[PDB]
Amino acid sequence: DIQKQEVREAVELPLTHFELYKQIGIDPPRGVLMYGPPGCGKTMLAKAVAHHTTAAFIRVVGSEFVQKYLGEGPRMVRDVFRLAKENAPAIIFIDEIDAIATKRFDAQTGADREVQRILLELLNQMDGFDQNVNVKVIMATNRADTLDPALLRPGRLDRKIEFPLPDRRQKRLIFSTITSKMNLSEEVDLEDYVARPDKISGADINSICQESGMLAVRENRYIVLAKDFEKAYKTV
Amino acid sequence: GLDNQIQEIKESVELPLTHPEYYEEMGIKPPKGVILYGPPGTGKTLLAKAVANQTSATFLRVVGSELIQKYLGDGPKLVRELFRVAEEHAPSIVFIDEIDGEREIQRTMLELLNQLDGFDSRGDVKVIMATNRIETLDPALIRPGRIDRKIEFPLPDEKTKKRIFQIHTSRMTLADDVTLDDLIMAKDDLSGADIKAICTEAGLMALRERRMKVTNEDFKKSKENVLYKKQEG
Amino acid sequence: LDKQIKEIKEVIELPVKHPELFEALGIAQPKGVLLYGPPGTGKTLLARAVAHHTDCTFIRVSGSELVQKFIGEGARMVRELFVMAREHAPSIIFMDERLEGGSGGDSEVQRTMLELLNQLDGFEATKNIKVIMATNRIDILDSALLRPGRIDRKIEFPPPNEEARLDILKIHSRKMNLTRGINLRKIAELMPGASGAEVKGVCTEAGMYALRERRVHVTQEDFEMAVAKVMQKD
Amino acid sequence: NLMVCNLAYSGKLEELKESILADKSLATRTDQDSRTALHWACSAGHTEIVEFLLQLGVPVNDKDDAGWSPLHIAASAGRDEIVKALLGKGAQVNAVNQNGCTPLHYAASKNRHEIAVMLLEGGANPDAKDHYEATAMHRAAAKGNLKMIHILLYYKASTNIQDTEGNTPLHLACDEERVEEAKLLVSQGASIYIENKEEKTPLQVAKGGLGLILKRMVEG
């Protein structure tokens, strides 16, 4: 809503697909940072972006290039960046940089230091590739303590979106988008089931609705009710 | 109100070798020392008694637990260093100050209590522990450590800093219009070297302009240092 | 861009055209300099332009996490960087990283530059070691209460003026295409507010209206709309 | 799970009317959920079926294992003719369900204007509270229904109800950033000085300086 609103305004406006940026330079940024202390979040957002923007999406985990060959990184930025600037403007989902953004000194487990030196390699490549390229690389995280001042340099991560704990907007609209497809009842009410998460903190409300569907697929009851919503709240 | 407290710690920790004939004749021997704790703390009773006891003695400075928490949990190795140099400095006074995850603090505090209790030596040196809040320390430290005496500081806010301010400003010079209501009403968790520090930076701040008088707004500007010092840490 | 280089040539360029005999016959070294004014433009373009014409290194202190352990295991943070300053003689240092919280929290950096100017003013084991003060809050009047003034260069930094937006608006106008029916005196002298970075906000935020209106070049009306945009916030 | 669930859910008119006229046991058959053909017929939106049931005089006070009367559930459906027949019979307009939410919270939740005018017209409490101590203006003003707020202003609804946390409808309007609704409620008597358990006034709960223009709407 507001998070996808700031991301959308920060993505689709620079990616308006016009050649006039190449003459006067790439003024608008391309990197956007996100947040969210639910169950790692950052998934249904890119799902909604996939619903709206019917384009390519490089879905990769945050720990995909940790292979002992150490060459997967340069091969993915080389091949994926060349097919992004050459084939079509895509959205490369390089998420979960908190596990690969921690400082490391000892050379025993210094593989994280080697892949952060690869992060320095592509860190200079993206500086050399600031002109004449149709690329949009998103990069988010869920921790603000293990970050380094190198990534926070202007021109790389120019957006710092925060996420509230209750965040009643995404909860109400996620109830609307989960009730717009799945079945529903007239007794089903969202008043205390969106007001109570404002008083008590939680996560994965959509997955709690899916747990209510698990407690409703028991075939003992034909239509899901509120007892599985509140019971799913107290259980998970 | 600290005369009875300073004569009770004077008789408590100055009964040993310094004027010793009243300690090894009656046969009491509480050779464990006291554990300093002050409701304001932060060098007030710690520094006041740390400089007041230095009339004739040997002082041993141990301030802050940063060297333990700033890196890996080295633990009681530096306690063994201070215990072998305290063994080579037996007629001294062990002064541990600023005693401020928990799974290791409890085991280095357990080993600290074990080595500090005198598990391998008899009573020969006076060990003094210090902290800001006596409630954060686990009560398991009181029985082995404190068997001699524990001192509370019931300070009258007007006469503690007005008596210490009067004595400490009766020999040196100062300025006029030095208020006290905002001092006794606002200051907390600070020392006497802090009121002396703001009178010294107050008269010194007036000395920057080459003046001997301090304005009330300048004493509030120096007071702001006290206002933020208690809110920072 | 002349009133700042004319005052910085004697601060950075002085040990360039002077051999080692001037260390025992003339002025040894300039100690420090501070530029009061919000870092809109020239915060790193001056030290990076002269350093670009010096080919030295750029070592920062920036007392925070991830740097207190890299520069030595444990010290006062002004001795290990000085060992790296004897090993690396050409090094330009830039001090970059309320009166209530900033007095102490910024007084850590104030103490850092006090002991750095007391090591430079103390002894000279190596040359080309210079520090630049950058404070643009109440702590520049508190810094003025802490700066002794005896060893200090005074270079005017105009973000609260207009010429520093005229010259940097022309520099930011040479890279992109601009029209000929433009007057930089009203659109460049009539831009007060936060700092000189809202000019870069006028160019970057003006590109949205230049591409929005399909203008192949940049006009003055676009700069006016971008002036409104940069005047929306701050 | 019973027969009246598929006959009262899958759209059976003449088989259900013949099932009632043939044997009253099917008409008074209850399942494990403690529901009759009125609950399932109101669940599927059956108009003529509930007109026949309410015509014969089915007990409307029948609740489930939680306490959900067909007026809370069918008023939570937002159907026009169903609530017209239920209020035509004169059901309990202020009965308590499992959470305590009166049918006014359900008429205000679904933005049903006629159901709110007809519930509040028959004697329903305009400021009734549930177990969560919240009224229909917390949720009606929080969801973003301005016309529901206006027709609550027609029935003299209070604007400073304390929630179980201590919030007011102005706190649930500033938290949702409803500009015109907070300006209306403030222009109706919403106190900007009420504090919840978080020790925060509605000026601090709103974002973007909205409490300053709400204070402007207080002093002017």
# chains A, B, ... in the order shown; residues from 1 in each chain; ligands from 1
$ interface_residues --of "chain C" --to "chain B" --cutoff "9 Å" --atoms "only C-alpha atoms" --output "MDAnalysis selection string"
chainID C and resid 100:101 103:104
$ residues_around --residues "region 39-42 of chain B" --least-positions-apart "2" --cutoff "12 Å" --atoms "only C-alpha atoms" --output "PyMOL selection string"
chain B and resi 36-37+44-50+63-64+97-100+130-135+151-157+160+187-194+229-230+233
$ interface_residues --of "chain C" --to "chain A" --cutoff "8 Å" --atoms "only C-alpha atoms" --output "list in words"
residues 66, 175, 176, 177, 203, 204, 205, 207, 211 and 216 of chain C
$ residues_around --residues "region 180-190 of chain C" --least-positions-apart "6" --cutoff "9 Å" --atoms "only C-alpha atoms" --output "list in words"
residues 161, 162, 163, 165, 166, 169, 170, 199, 219, 220, 223, 224 and 227 of chain C
$ select_by_dssp --residues "region 49-107 of chain B" --states "alpha helix (DSSP H)" --output "ChimeraX atom specification"
/B:49-52,66-69,77-87,102-107
$ write_last_selection --atoms "C-alpha atoms" --output "mmCIF file, in the first residue's frame"
data_model
loop_
_atom_site.group_PDB
_atom_site.id
_atom_site.type_symbol
_atom_site.label_atom_id
_atom_site.label_comp_id
_atom_site.auth_asym_id
_atom_site.auth_seq_id
_atom_site.Cartn_x
_atom_site.Cartn_y
_atom_site.Cartn_z
ATOM 1 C CA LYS B 49 36.037 8.026 49.832
ATOM 2 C CA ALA B 50 38.592 7.113 47.155
ATOM 3 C CA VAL B 51 40.460 10.386 47.800
ATOM 4 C CA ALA B 52 39.564 10.645 51.488
ATOM 5 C CA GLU B 66 34.615 -2.225 29.401
ATOM 6 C CA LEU B 67 37.771 -4.321 28.955
ATOM 7 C CA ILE B 68 35.595 -7.425 29.448
ATOM 8 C CA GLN B 69 32.621 -6.488 27.244
ATOM 9 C CA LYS B 77 42.406 -13.825 33.482
ATOM 10 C CA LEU B 78 42.847 -10.127 34.265
ATOM 11 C CA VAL B 79 41.370 -10.903 37.686
ATOM 12 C CA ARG B 80 44.235 -13.379 38.086
ATOM 13 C CA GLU B 81 46.673 -10.683 36.940
ATOM 14 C CA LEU B 82 45.272 -8.201 39.466
ATOM 15 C CA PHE B 83 45.326 -11.028 42.033
ATOM 16 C CA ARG B 84 49.004 -11.863 41.513
ATOM 17 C CA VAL B 85 49.935 -8.171 41.494
ATOM 18 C CA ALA B 86 47.589 -7.742 44.462
ATOM 19 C CA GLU B 87 49.468 -10.677 45.991
ATOM 20 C CA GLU B 102 24.222 -12.728 30.848
ATOM 21 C CA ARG B 103 25.110 -16.427 30.540
ATOM 22 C CA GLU B 104 28.804 -15.468 30.714
ATOM 23 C CA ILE B 105 28.529 -12.499 33.095
ATOM 24 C CA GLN B 106 27.111 -14.967 35.629
ATOM 25 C CA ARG B 107 30.053 -17.376 35.301
#
$ residues_around --residues "residue 204 (chain A)" --least-positions-apart "5" --cutoff "9 Å" --atoms "only C-alpha atoms" --output "mmCIF file with N, CA and C atoms, in the first residue's frame"
data_model
loop_
_atom_site.group_PDB
_atom_site.id
_atom_site.type_symbol
_atom_site.label_atom_id
_atom_site.label_comp_id
_atom_site.auth_asym_id
_atom_site.auth_seq_id
_atom_site.Cartn_x
_atom_site.Cartn_y
_atom_site.Cartn_z
ATOM 1 N N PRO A 38 7.596 -8.927 10.106
ATOM 2 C CA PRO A 38 6.910 -10.229 10.077
ATOM 3 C C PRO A 38 7.799 -11.352 9.565
ATOM 4 N N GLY A 39 7.192 -12.447 9.111
ATOM 5 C CA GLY A 39 7.951 -13.621 8.725
ATOM 6 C C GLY A 39 8.805 -13.397 7.494
ATOM 7 N N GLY A 41 8.873 -11.199 5.519
ATOM 8 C CA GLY A 41 8.154 -10.369 4.567
ATOM 9 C C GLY A 41 8.674 -10.429 3.146
ATOM 10 N N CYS A 209 -4.629 -16.827 8.042
ATOM 11 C CA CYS A 209 -5.855 -17.103 7.301
ATOM 12 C C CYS A 209 -5.782 -18.463 6.619
#
$ interface_residues --of "chain A" --to "chain D" --cutoff "12 Å" --atoms "only C-alpha atoms" --output "compact mmCIF listing (two decimals) with N, CA, C and O atoms, in the first residue's frame"
# COMPACT_ATOMS: atom_id res chain seq x y z
N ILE A 2 1.34 1.64 1.19
CA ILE A 2 2.28 2.76 1.28
C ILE A 2 3.69 2.29 0.94
O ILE A 2 4.46 3.02 0.32
N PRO A 164 5.68 -0.38 9.98
CA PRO A 164 5.10 -0.35 11.32
C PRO A 164 4.82 -1.76 11.83
O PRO A 164 4.79 -2.73 11.07
N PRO A 166 1.83 -2.87 13.76
CA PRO A 166 0.48 -3.35 13.39
C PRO A 166 0.20 -3.20 11.91
O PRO A 166 -0.28 -4.14 11.27
N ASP A 167 0.53 -2.03 11.35
CA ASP A 167 0.34 -1.71 9.93
C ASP A 167 -1.05 -2.13 9.45
O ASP A 167 -1.20 -3.00 8.59
N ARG A 168 -2.07 -1.48 10.02
CA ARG A 168 -3.45 -1.87 9.78
C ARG A 168 -3.85 -1.79 8.31
O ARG A 168 -4.80 -2.47 7.90
N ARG A 169 -3.14 -1.00 7.50
CA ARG A 169 -3.50 -0.87 6.09
C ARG A 169 -3.28 -2.17 5.34
O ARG A 169 -4.22 -2.73 4.75
N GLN A 170 -2.05 -2.69 5.36
CA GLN A 170 -1.76 -3.95 4.68
C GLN A 170 -2.54 -5.11 5.28
O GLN A 170 -2.78 -6.11 4.60
N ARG A 172 -5.81 -4.85 6.58
CA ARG A 172 -7.16 -4.75 6.06
C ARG A 172 -7.21 -5.12 4.58
O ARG A 172 -8.08 -5.88 4.14
N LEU A 173 -6.26 -4.60 3.79
CA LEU A 173 -6.27 -4.88 2.36
C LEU A 173 -5.81 -6.31 2.07
O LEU A 173 -6.18 -6.87 1.03
N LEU A 184 -16.07 -17.21 1.96
CA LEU A 184 -16.31 -16.34 3.10
C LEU A 184 -17.70 -16.62 3.65
O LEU A 184 -18.51 -17.31 3.03
N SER A 185 -17.96 -16.08 4.83
CA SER A 185 -19.25 -16.20 5.49
C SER A 185 -19.79 -14.82 5.84
O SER A 185 -19.06 -13.82 5.85
N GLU A 186 -21.09 -14.77 6.13
CA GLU A 186 -21.69 -13.53 6.62
C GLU A 186 -21.29 -13.26 8.06
O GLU A 186 -21.18 -12.09 8.46
N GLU A 187 -21.06 -14.30 8.86
CA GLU A 187 -20.60 -14.12 10.23
C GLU A 187 -19.16 -13.64 10.29
O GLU A 187 -18.75 -13.07 11.31
N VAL A 188 -18.38 -13.86 9.23
CA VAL A 188 -16.98 -13.45 9.22
C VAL A 188 -16.90 -11.94 9.40
O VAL A 188 -17.48 -11.17 8.62
N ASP A 189 -16.19 -11.51 10.43
CA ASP A 189 -16.01 -10.10 10.74
C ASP A 189 -14.53 -9.80 10.93
O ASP A 189 -13.79 -10.63 11.48
N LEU A 190 -14.10 -8.63 10.47
CA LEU A 190 -12.71 -8.22 10.54
C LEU A 190 -12.45 -7.16 11.60
O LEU A 190 -11.31 -6.68 11.71
N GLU A 191 -13.46 -6.78 12.38
CA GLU A 191 -13.33 -5.65 13.29
C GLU A 191 -12.32 -5.94 14.40
O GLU A 191 -11.29 -5.25 14.51
N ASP A 192 -12.59 -6.95 15.22
CA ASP A 192 -11.66 -7.31 16.29
C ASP A 192 -10.45 -8.08 15.78
O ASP A 192 -9.44 -8.15 16.49
N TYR A 193 -10.52 -8.63 14.57
CA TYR A 193 -9.43 -9.38 13.98
C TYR A 193 -8.46 -8.49 13.21
O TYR A 193 -7.41 -8.98 12.77
N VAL A 194 -8.78 -7.22 13.04
CA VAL A 194 -7.80 -6.23 12.62
C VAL A 194 -7.52 -5.19 13.70
O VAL A 194 -6.49 -4.50 13.63
N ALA A 195 -8.40 -5.05 14.70
CA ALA A 195 -8.13 -4.16 15.82
C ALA A 195 -7.23 -4.83 16.86
O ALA A 195 -6.34 -4.18 17.42
N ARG A 196 -7.45 -6.12 17.13
CA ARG A 196 -6.60 -6.82 18.08
C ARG A 196 -5.14 -6.90 17.63
O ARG A 196 -4.26 -6.73 18.50
N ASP A 198 -3.56 -4.66 16.36
CA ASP A 198 -2.99 -3.36 16.71
C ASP A 198 -2.55 -3.31 18.16
O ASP A 198 -1.63 -2.56 18.50
N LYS A 199 -3.19 -4.09 19.03
CA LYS A 199 -2.82 -4.15 20.44
C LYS A 199 -1.74 -5.19 20.71
O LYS A 199 -0.81 -4.92 21.48
N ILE A 200 -1.85 -6.37 20.10
CA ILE A 200 -0.86 -7.43 20.26
C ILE A 200 -0.15 -7.63 18.92
O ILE A 200 -0.79 -7.60 17.87
N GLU A 219 -13.87 -30.64 6.88
CA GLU A 219 -15.12 -31.19 6.37
C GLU A 219 -16.18 -31.39 7.45
O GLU A 219 -17.26 -31.92 7.16
N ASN A 220 -15.90 -31.00 8.70
CA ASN A 220 -16.93 -31.04 9.73
C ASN A 220 -17.84 -29.82 9.64
O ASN A 220 -19.00 -29.89 10.05
N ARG A 221 -17.33 -28.71 9.12
CA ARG A 221 -18.11 -27.50 8.91
C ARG A 221 -17.97 -27.07 7.46
O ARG A 221 -16.89 -27.16 6.87
N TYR A 222 -19.08 -26.60 6.87
CA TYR A 222 -19.10 -26.27 5.45
C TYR A 222 -18.52 -24.89 5.15
O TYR A 222 -17.93 -24.71 4.08
N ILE A 223 -18.67 -23.93 6.05
CA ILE A 223 -18.22 -22.56 5.83
C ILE A 223 -17.35 -22.14 7.00
O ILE A 223 -17.71 -22.38 8.16
N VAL A 224 -16.22 -21.51 6.70
CA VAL A 224 -15.31 -21.05 7.74
C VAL A 224 -15.97 -19.96 8.57
O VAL A 224 -16.76 -19.15 8.05
N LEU A 225 -15.67 -19.94 9.87
CA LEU A 225 -16.25 -18.95 10.77
C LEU A 225 -15.16 -18.21 11.54
O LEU A 225 -13.98 -18.34 11.23
N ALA A 226 -15.56 -17.42 12.53
CA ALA A 226 -14.62 -16.61 13.29
C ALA A 226 -13.86 -17.40 14.35
O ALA A 226 -12.79 -16.97 14.78
N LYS A 227 -14.39 -18.56 14.77
CA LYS A 227 -13.72 -19.34 15.80
C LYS A 227 -12.38 -19.88 15.31
O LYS A 227 -11.47 -20.09 16.13
N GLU A 230 -9.97 -16.52 15.40
CA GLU A 230 -9.46 -16.24 16.74
C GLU A 230 -8.66 -17.42 17.27
O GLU A 230 -7.63 -17.23 17.94
$ residues_around --residues "residue 199 (chain D)" --least-positions-apart "5" --cutoff "12 Å" --atoms "only C-alpha atoms" --output "count of residues only"
7
$ residues_around --residues "residue 81 (chain C)" --least-positions-apart "4" --cutoff "12 Å" --atoms "only C-alpha atoms" --output "ChimeraX atom specification"
/C:58-63,67-77,85-89,91,93,112,116,119,129
$ write_last_selection --atoms "N, CA and C atoms" --output "tab-separated table (two decimals), in the first residue's frame"
chain	number	residue	atom	x	y	z
C	58	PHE	N	42.59	9.06	0.48
C	58	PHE	CA	41.52	9.69	1.26
C	58	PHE	C	41.15	8.75	2.40
C	59	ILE	N	41.71	9.01	3.58
C	59	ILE	CA	41.48	8.19	4.76
C	59	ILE	C	40.61	8.98	5.73
C	60	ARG	N	39.50	8.38	6.14
C	60	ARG	CA	38.55	9.00	7.06
C	60	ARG	C	38.65	8.34	8.43
C	61	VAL	N	38.29	9.10	9.46
C	61	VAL	CA	38.19	8.55	10.81
C	61	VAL	C	36.79	7.99	11.01
C	62	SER	N	35.79	8.87	10.96
C	62	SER	CA	34.38	8.49	11.02
C	62	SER	C	34.10	7.55	12.20
C	63	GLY	N	34.39	8.04	13.40
C	63	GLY	CA	34.28	7.22	14.60
C	63	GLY	C	32.90	6.62	14.80
C	67	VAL	N	34.59	0.50	12.19
C	67	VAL	CA	35.85	1.20	11.96
C	67	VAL	C	36.71	1.29	13.21
C	68	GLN	N	36.15	1.15	14.41
C	68	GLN	CA	36.96	1.18	15.62
C	68	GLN	C	37.81	-0.08	15.78
C	69	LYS	N	37.43	-1.17	15.11
C	69	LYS	CA	38.21	-2.40	15.14
C	69	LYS	C	39.14	-2.55	13.95
C	70	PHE	N	38.79	-1.95	12.81
C	70	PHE	CA	39.65	-2.04	11.63
C	70	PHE	C	40.93	-1.24	11.82
C	71	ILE	N	40.83	-0.04	12.38
C	71	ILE	CA	41.99	0.81	12.61
C	71	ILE	C	42.54	0.42	13.98
C	72	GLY	N	43.39	-0.60	14.00
C	72	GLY	CA	43.98	-1.08	15.23
C	72	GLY	C	43.01	-1.85	16.11
C	73	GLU	N	43.55	-2.65	17.04
C	73	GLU	CA	42.69	-3.40	17.95
C	73	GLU	C	42.03	-2.47	18.96
C	74	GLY	N	42.84	-1.78	19.76
C	74	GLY	CA	42.32	-0.79	20.68
C	74	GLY	C	43.31	0.32	20.97
C	75	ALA	N	42.89	1.56	20.76
C	75	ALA	CA	43.75	2.72	20.98
C	75	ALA	C	42.85	3.95	21.12
C	76	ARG	N	43.46	5.13	21.05
C	76	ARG	CA	42.73	6.39	21.08
C	76	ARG	C	42.26	6.81	19.69
C	77	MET	N	42.43	5.94	18.69
C	77	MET	CA	41.98	6.16	17.31
C	77	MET	C	42.69	7.33	16.64
C	85	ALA	N	49.53	7.03	8.56
C	85	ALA	CA	49.88	8.32	8.00
C	85	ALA	C	51.38	8.49	7.81
C	86	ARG	N	52.19	7.81	8.63
C	86	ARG	CA	53.62	7.72	8.34
C	86	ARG	C	53.89	6.73	7.22
C	87	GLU	N	53.12	5.64	7.14
C	87	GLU	CA	53.24	4.73	6.01
C	87	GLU	C	52.67	5.34	4.74
C	88	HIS	N	51.61	6.14	4.85
C	88	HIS	CA	50.99	6.83	3.72
C	88	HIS	C	51.08	8.32	3.99
C	89	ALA	N	52.15	8.95	3.50
C	89	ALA	CA	52.34	10.38	3.77
C	89	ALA	C	51.31	11.25	3.07
C	91	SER	N	47.93	12.12	2.39
C	91	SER	CA	46.61	11.70	2.86
C	91	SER	C	45.84	12.92	3.32
C	93	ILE	N	42.54	14.22	5.07
C	93	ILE	CA	41.53	13.73	6.00
C	93	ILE	C	40.42	14.76	6.10
C	112	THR	N	38.27	14.48	19.07
C	112	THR	CA	39.09	13.84	18.05
C	112	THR	C	39.88	14.87	17.25
C	116	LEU	N	43.83	15.68	17.23
C	116	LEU	CA	44.47	15.64	15.92
C	116	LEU	C	45.20	16.94	15.61
C	119	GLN	N	48.26	16.84	17.70
C	119	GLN	CA	49.33	16.03	17.16
C	119	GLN	C	50.00	16.71	15.97
C	129	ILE	N	49.82	15.73	5.81
C	129	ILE	CA	48.79	15.28	6.74
C	129	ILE	C	47.96	16.50	7.13
$ atom_distance --atom1 "CA of residue 93 (chain D)" --atom2 "CA of residue 80 (chain D)"
15.9 Å
$ select_by_dssp --residues "region 70-120 of chain A" --states "strand (DSSP E)" --output "JSON, numbers by chain"
{"A": [91, 92, 93, 94]}
$ write_last_selection --atoms "N, CA and C atoms" --output "CSV table (one decimal), in the first residue's frame"
chain,number,residue,atom,x,y,z
A,91,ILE,N,13.3,-6.9,-13.1
A,91,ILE,CA,13.4,-6.6,-11.6
A,91,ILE,C,14.1,-7.8,-11.0
A,92,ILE,N,15.4,-7.6,-10.7
A,92,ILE,CA,16.2,-8.6,-10.1
A,92,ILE,C,16.0,-8.6,-8.6
A,93,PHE,N,15.4,-9.7,-8.1
A,93,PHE,CA,15.0,-9.8,-6.7
A,93,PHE,C,16.2,-10.3,-5.8
A,94,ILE,N,17.2,-9.4,-5.6
A,94,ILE,CA,18.3,-9.7,-4.8
A,94,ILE,C,18.0,-9.3,-3.3
$ atom_distance --atom1 "CA of residue 88 (chain B)" --atom2 "CA of residue 126 (chain B)"
14.1 Å
